[PDB]
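Notes follow the structure.
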Amino acid sequence: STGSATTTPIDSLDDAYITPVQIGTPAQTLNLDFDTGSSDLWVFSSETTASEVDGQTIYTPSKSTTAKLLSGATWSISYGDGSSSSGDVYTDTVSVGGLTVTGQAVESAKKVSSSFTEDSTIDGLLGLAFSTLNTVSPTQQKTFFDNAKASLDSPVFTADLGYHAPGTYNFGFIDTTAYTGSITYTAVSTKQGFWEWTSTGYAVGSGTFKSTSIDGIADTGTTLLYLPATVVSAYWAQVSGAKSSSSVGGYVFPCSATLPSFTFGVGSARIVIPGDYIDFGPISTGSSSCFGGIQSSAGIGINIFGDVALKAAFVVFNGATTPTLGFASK
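Take 1113 as the starting number for the sequence shown in our numbering and just add one per residue.
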């Protein structure tokens, strides 16, 4: 089997992407944030504290003839950005782009933090990291991909995120029309539960490539590109007037700037992030200070190849017995 679903930016900045997901019988379609940096499929629901729901579409398990309470199971998750959610668990039928999993753990939120409430466009998350990170207790649950994998034509999924445009998540096949040139595959460590890999270096604009190993995670659920302070300083030094602002929470730059591109290495291959992808717009409405899309990972504890990086590539998440990651230009 295979599946193919369009993923759509939630706003004009590509802050996140939503993908429609069918849950239950009859289907209840929710727009979920597919997150290769976590491993829980959770939804706003009829159980979510009413004051914490503001415009989201909810899953109502009592209206699904295939929903079953997973007795005694609870979940609770905290994300890198400080947001969180928790609740109880149902199993139900879940379909993405025509690919159906029966008995998927659907984690129903009883509580969500303010950032989730305030984002009316995201109805929940669908985790695509390794199932070892799944938070369900006392019996850990499998991700949608893990459940689907054996049925798939090939044990892979691909992320093809758009810049200010829709893109695609495919399951079970590689669309050879969706990228240019060849796909370069690179080793993955699953030791921390992430799609963790090592970039071979970087360049700023038309500058020379610096060969240096940068360990990090391919994370569709993180907006920006978070890299070591040395790398980030080298980038922003090429933008007149750019500076790190403790008050704003990262590098800012004059909105009048033309940003240079940023290149990262995948083996001997190179992925080029155009400068425009690095512009996250005014820090506040009407400001002439703009927020940068490349930020320091110092104090996160890990480098993160988030959407800014991934949307410059066609990315293969190869879930074979020994997982790997593939990157192609597009």
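Using N, Cα and C, we set each Cβ at its ideal position, and we do this for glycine too.
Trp1187 is a Cβ neighbour of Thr1247, given a cutoff of 8 Å.
Using a Cβ-Cβ distance cut-off of 8 Å, the segment 1316-1328 and the segment 1266-1282 are not in contact, since fewer than three pairs of beta carbons, one from each stretch, lie closer than that value. For the pair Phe1257 and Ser1352, the Cα-to-Cα distance works out to about 44 Å. Taken atom to atom, the span from the alpha-carbon of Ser1207 to that of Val1213 is near 6 Å. Restricting attention to alpha helix (DSSP H) runs no shorter than 4 residues, the segment 1195-1272 encloses them at 1226-1229, 1256-1260, ordered along the chain. Listed in chain order, the non-local C-beta contacts of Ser1263 below 6 Å within the same chain comprise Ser1113, local neighbours out to five positions each way being set aside. The beta carbon of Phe1242 lies closer than 6 Å to those of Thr1302, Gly1305 in the same chain, with the five residues before and after it left out.
In this structure, the straight-line span from the alpha carbon of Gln1407 to that of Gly1361 is close to 9 Å. Bounds of the beta strand (DSSP E) holding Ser1183 are 1180-1190. Residue state for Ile1122 is assigned as coil, using DSSP reduced to three classes. Taking 3 residues as the shortest admissible run, the segment 1332-1359 contains the following complete beta strand (DSSP E) segments, listed from N- to C-terminal end: 1337-1339, 1355-1357.
Restricting attention to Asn1430, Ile1395, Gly1413, the CA atom closest to the CA of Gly1405 is found in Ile1395. In the structure shown, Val1165 adopts coil according to DSSP, grouped into three states.
Pairing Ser1294 with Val1344, the inter-Cα distance amounts to about 28 Å. The beta carbon of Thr1161 sits closer than 6 Å to those of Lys1223, all from its chain and outside the five residues before and after it, given in chain order. Counting only residues of its own chain and dropping the five nearest sequence neighbours on each side, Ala1260 has a CB closer than 7 Å to the CB of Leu1211, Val1213, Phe1283. Remark: C-beta atoms of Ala1421 and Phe1376 approach each other more closely than 8 Å.
Boundaries around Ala1421 are those of the alpha helix (DSSP H), 1419-1422, since no beta strand (DSSP E) includes it. Comparing C-alpha distances from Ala1299 to each of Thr1397, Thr1119, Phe1321, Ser1311 shows the shortest one belongs to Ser1311. About 6 Å separates the Cβ atoms of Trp1307 and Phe1429, confirming a contact at the 8 Å cut-off. About 7 Å separates the beta carbon of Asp1152 from that of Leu1237, a gap short enough to meet the 8 Å contact definition. In the three-state scheme derived from DSSP, where H, G and I count as helix and E and B as strand, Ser1368 is classed as coil. In terms of Cβ geometry, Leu1339 and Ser1409 form a close pair [threshold 8 Å]. With contacts defined by Cβ atoms closer than 8 Å, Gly1194 and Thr1334 do not form a contacting pair. Taken atom to atom, the span from the alpha-carbon of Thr1172 to that of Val1378 is near 43 Å. A distance below 8 Å separates the beta carbons of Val1165 and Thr1229. DSSP links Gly1404 through a beta bridge to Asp1391. Per the coordinates, the alpha-carbon of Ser1358 lies some 46 Å from the alpha-carbon of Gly1136. Considering only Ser1373, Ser1323, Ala1369, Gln1350, the residue with the shortest C-alpha distance to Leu1337 is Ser1373. The three-state reading of DSSP puts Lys1322 in strand, counting E and B together. Assignment of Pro1173 by DSSP, reduced to helix, strand and coil, places it in the helix class. The three-state reading of DSSP puts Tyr1297 in strand, counting E and B together.
Under DSSP, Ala1117 shares a beta bridge with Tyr1281.
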